[PDB]
2 protein chains.
Amino acid sequence: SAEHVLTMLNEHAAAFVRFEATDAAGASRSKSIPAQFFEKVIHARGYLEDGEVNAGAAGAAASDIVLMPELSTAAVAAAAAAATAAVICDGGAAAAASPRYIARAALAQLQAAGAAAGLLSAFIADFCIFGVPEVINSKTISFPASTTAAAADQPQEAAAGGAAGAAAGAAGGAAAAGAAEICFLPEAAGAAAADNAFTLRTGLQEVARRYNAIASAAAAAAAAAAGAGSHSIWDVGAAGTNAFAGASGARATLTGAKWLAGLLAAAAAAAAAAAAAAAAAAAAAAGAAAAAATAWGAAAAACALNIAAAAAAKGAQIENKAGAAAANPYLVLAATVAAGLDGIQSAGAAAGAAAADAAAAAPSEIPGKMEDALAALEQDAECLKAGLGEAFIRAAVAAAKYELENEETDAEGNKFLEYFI
Amino acid sequence: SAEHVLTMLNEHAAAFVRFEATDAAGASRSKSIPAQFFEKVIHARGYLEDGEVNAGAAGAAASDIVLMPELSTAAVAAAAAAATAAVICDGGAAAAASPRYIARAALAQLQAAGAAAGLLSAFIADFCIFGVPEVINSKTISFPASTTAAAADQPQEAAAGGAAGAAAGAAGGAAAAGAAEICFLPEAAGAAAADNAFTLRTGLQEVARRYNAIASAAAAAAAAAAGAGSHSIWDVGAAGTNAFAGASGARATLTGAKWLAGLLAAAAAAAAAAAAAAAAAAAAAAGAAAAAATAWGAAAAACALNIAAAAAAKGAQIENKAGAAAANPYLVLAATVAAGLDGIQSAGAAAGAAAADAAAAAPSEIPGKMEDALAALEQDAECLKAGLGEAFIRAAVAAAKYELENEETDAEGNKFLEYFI
């Protein structure tokens, strides 16, 4: 409803409006203008901008690209110092580097294949909080550091009125409140971590800053302790009903086992979005509560693909663990679905459920070389990177590459002369 | 009453609610969500969470455990910066590491044995207060330090308007107010230090912080002075009457003497909860007012198990001293009862009352070796660690042990090669 977005500007006396998007790495970004600019044309043509400001979105002969706001997603920007609103956007011209538009192609493919009509997932991702982080690097030193009032290191230190004597312990601080709070509760938001992830990611920081603290999503923010995992639950449906419920193990079904077979096969490549930083590889390292074990079950807690068993058949779902909060939400939402969408077409199987010791059966996969990982990427190849291009990416990246190669070929020309002398 | 907890959210306009619990060491912990989530389902199913956040509550194949709030225990969280409420919980799945649920088993055993119908105890525990504590350790130094406006060290020091000249002395500061205050007085709370201990432990800190100070429960917070003891009074009843009143010494009775016999025998193991830190062992060290003398009486003030003599027979009770505020309240409440519950079944006796010099008669027990302490633990053994398991503990701890043993066996494998060269 264009009419609803226009009446919200009067209903909340909005002086300005914020356009919002997300990059390929996984961070949200925004821009803003006075509310007076909003008219019928932008509801059909968006906002034209110069894309040369971003090294992978345009080129010098094509310095015009479009942000495209939407008319079912507007909200009051209540954390601001003034009466304002916010609106998430797709990006276009084109285009095929906008993560939200890439995620929408997986939803279109789910419907076009006739396998179902929608997807019913949700997330339970963790985060970290601090008072004085300090992280720097140079030609002579490199160190991270951080602290918080709850930290197990503080009760030995002095303070302006003495220590509280009430700090947490190592893996011993499971006493925090919820739902952490105002970016889900007043909206009663409920839906999947596509659009909803970024109001949470900005909200955690903005609320902490308004309480003289900060928040982060660093997957391994401290050693010898817990970290910011991004565990989730996953489900499929059509005509108003669940499609993973049935009479196989832990109340799952055969199409659920085929989605699991796709997820198990794709785990080595889904990690490129779900574990997009070295901190997530550190969080996935060996330990008594790790989640790198690419297996399924309903009791082996370390296995990456639990079954969410329930008394009501409508609540029979799966539970994915193969990632951390350093990830890109839209690209995780795309990649985990792309695996399931072809597991149902290969008709593969998840093998037997894990109920032994914490790791093995399946794990497997597996061959132990980069050459075999590339061979898998070129044989299946169908649970992985499914559909689209990439034409927009190579067009924008070519403009940057031509400038870089012109500087590098002149530098190589000088270097060759400096080798012939 | 589920209805009463729901109407409190309207009556006090609560925006959020705080779930609360306690760990095995003895510290309270909490989490929170918006009040809008409260519905009929959580009153019968609690809140599911990932237990891998705590190294002794779940495992990777069983990453689902339940917090279980209650519907007779809700209160307004009046110390908060907003309109909110708080609710203590049990924990389950399972389970048998939740201290409050472990304490409830002793109350169930008291009733199931037919010995009585309830327990009528209370506590008088001490605490400490400071302005600038400083405590740190490294590879090169180790030191504690602290101070407060009342301390005997301050009257020789300068201040921004000169010294007050009104500090206390060593063992000479018995002039503090009571009931210390707002976590007992406005509730008229009265009942035993099971549920009531943690509102006091958080309240002392929160009130001190709101007066630019801090509070603590360190049993031996400073040398050559008093410390944070956790002395208590104990009683038993059924059909509306006291069951320790009678015609033996100091108006006690024979079942009271059998409870005392159990307590005297169990003292060497009840200390594992009542003196859970090295500061409590330091508080129990030799001196003119120590409480380590495992004996009973009504005049020998150092004896660990006084009789609370009274003019009214309803007030004839006992008084236990064998602990300090570093303890875990729920596990002390369990262990001290577990001793009494089998003293009445062995039909043992407390020997004669102490009225001589400050220590001896009984003390005794006693054999002077760890082998004999272990022999006692394997012969009685019935006043000690009575009932339950522990199945939940070993299940969660096994998941942690498998990760630890996988890292340690690889390290030992490398170490063996480094010994064979």
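Tabulated results
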quantity	calculated
Where only alpha carbons of the stretch B:138-257 are counted, the Rg and the Dmax (Å)	20.7, 63
Dimensionless Rg ratio for the stretch A:79-145, taking C-alpha atoms and the 2.2 N^0.38 Å reference	1.93
Cα Rg, Dmax (largest Cα-Cα span) when computed across the stretch A:113-183, Å	20.0, 66
Within the stretch A:33-122: Cβ-based charge dipole about Cα centre, in debye rounded to nearest 20 (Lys, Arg +1; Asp, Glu -1)	320
Size-normalised alpha-carbon gyration radius of chain B, reference 2.2 N^0.38 Å	1.11
Label spacing, shortest first and in nm, from residue B:288 to its equivalents in the remaining copies (7 angstrom along Cα→Cβ)	4.8
For the stretch B:200-244, alpha-carbon Rg and Dmax in angstrom	17.1, 48
Value of relative contact order over the stretch B:162-253, rounded to a whole percent, pairs C-alpha under 8 Å and six or more apart	15
Net charge contributed by nearby residues that have their C-beta within less than 11 Å of residue A:338 (K/R +1, D/E -1)	-1
Two-decimal log10 I(q)/I(0) for the stretch A:198-304, as the Debye equation yields it once each C-alpha is a single scatterer, q = 0.11 Å⁻¹	-0.51
Shape of the stretch B:255-294, Cα gyration tensor, a/c cut at 1.5	oblate
Within the stretch B:336-403: Cβ-based charge dipole about Cα centre, in debye rounded to nearest 20 (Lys, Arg +1; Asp, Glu -1)	220
For residue A:79, inter-copy label distances in nm, listed shortest first [label point 7 Å out on the Cα-Cβ vector]	2.8
Cross-link reach list, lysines versus residue A:401, counting only Cα pairs under 30 Å and skipping chain neighbours closer than eight places	A:31, A:139, A:385, A:415
For the stretch B:269-350, fraction of C-alpha pairs farther apart than 22 Å, in %	32
Kirkwood hydrodynamic radius of the stretch B:84-209, Cα pairs, Å	19.3
Cα gyration tensor shape for the stretch B:1-119, rounded if a/c is under 1.5, else prolate or oblate	oblate
Neighbour-count ranking [beta-carbon atoms within 10 angstrom, fewest first] of B:37, A:123	B:37, A:123
Antiparallel content of DSSP bridges confined to the stretch B:286-421, in %, to 5	50
Approximate shape of the stretch B:1-68 as ellipsoid semi-axes (Cα gyration tensor, √5λ), whole Å, largest first	26, 15, 10
Peptide-level mean, for A:182-191, of C-beta atoms on other protein chains within 10 Å	2
Residue A:356/residue B:157 FRET efficiency (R0 60 Å; Cβ-Cβ; nearest 0.05)	0.35
Residue among A:113, A:257, A:347 with the largest mean-square fluctuation in a Gaussian network model of chain A, springs linking Cα atoms under 10 Å	A:113
Local electrostatic count at residue B:189 - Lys and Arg +1, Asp and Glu -1, tallied over other residues with Cβ under 14 Å	-2
Test item: Cα-centred dipole of the stretch B:40-90, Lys/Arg +1 and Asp/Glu -1 on Cβ, debye	240
All-pairs Cα distance distribution in the stretch B:272-421, expressed in whole percent, bin size 5 Å	2, 7, 10, 14, 18, 14, 9, 7, 6, 5, 4, 3, 1, 1, 0, 0, 0
Rotation relating B and A, chain A residue nearest the axis via C-beta, angstrom	A:160, 14
Around residue B:89: net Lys/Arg minus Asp/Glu count, Cβ-Cβ under 9 Å	-2
Positive-end residue of B:218, A:124, A:376, charge dipole of the protein assembly as shown with Cβ unit charges	B:218
Principal axis dimensions, largest first and in whole angstrom, of the protein assembly as shown by Cα	103, 74, 70
Long-range amide H partners of residue B:16 with built H, under 5 Å	B:35, B:85
DSSP loop trypsin sites (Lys or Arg not before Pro) with at most 16 other Cβ within 10 Å excluded, longest remaining stretch of chain A	A:211-368
Nm distances between copies for residue A:59, ranked from closest, using label points 7 Å along Cα→Cβ	5.8
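Every number here is computed from the coordinates shown, using simple stated rules; none is lab data. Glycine gets a Cβ as well: all are built from the backbone with ideal geometry, and neighbour counts include every protein chain shown.
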